[PDB]
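Take a look at this single chain in structure tokens; it is the form deposited in one PDB entry.
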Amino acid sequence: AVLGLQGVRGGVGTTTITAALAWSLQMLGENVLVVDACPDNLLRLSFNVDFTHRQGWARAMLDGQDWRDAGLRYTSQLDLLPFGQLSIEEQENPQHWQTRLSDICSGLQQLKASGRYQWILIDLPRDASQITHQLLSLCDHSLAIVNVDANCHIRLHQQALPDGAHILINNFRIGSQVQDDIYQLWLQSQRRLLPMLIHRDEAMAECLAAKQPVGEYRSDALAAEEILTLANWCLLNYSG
């Protein structure tokens, strides 16, 4: 199955959750490819890829090279495809390249058809670019990552989500009446809300600084157990 993960807004935890979910699925015995579709190219740093390593599928594609040679094997069950490092000029002119990347769609479609991987997880950025839409269209299912706050609340009444997406809460914390109020309202009103959530957890803040997925970094972290609940739900509901 191809699973897209996309924040309803930036900064909600999409990339850390993608890396953690890939690790969880592997621990459950699955073969996983994790693809970074974000021009920020941050997913690779959860898998101990050197910051100075500039290769990636989009970097290769823009350079006229074979994107399939930019993949990395993290474990026997977990493969990674970084986006690649853009120059500042590329970063500040996405219109120059965001329509030159269509080849990735046919390449991932071929990978899908081969059955090489049991799961392909795609970390999708919070934009509406041509390449983001193209990658979404390849997904069998998608998760929309939120935090329980007034900003995400508003966004859920005005921005479209991929059809069939389910909503996953991250960063749930103690000490917030307004969060608790929004959450109780969501429980009665938000038809697409998943029944499990992820708390704000120091392991999820530390694991990127340690350059590992959360469940490798701290296998008994409460957040690692919450991600496993998500993984088990995905196996049951998102498999095909």
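Throughout, we count residues from 1 along the sequence that is shown.
Below: the form solved in complex with a partner chain, not depicted.
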Practice prompt. Examine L235 and determine whether its closest non-hydrogen atom to the partner chain in the deposited complex is within 4.5 angstroms.
Written response: yes
Worksheet item: Does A60 reach the partner chain in the deposited complex, with heavy atoms at most 4.5 Å apart?
Response: no
Item to complete: Report yes if any heavy atom of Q77 sits within 4.5 Å of a heavy atom of the partner chain in the deposited complex; otherwise report no.
Response: yes
Practice prompt. May I ask you to state whether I122 is within 4.5 Å of the partner chain in the deposited complex, using heavy atom distances?
Written response: no
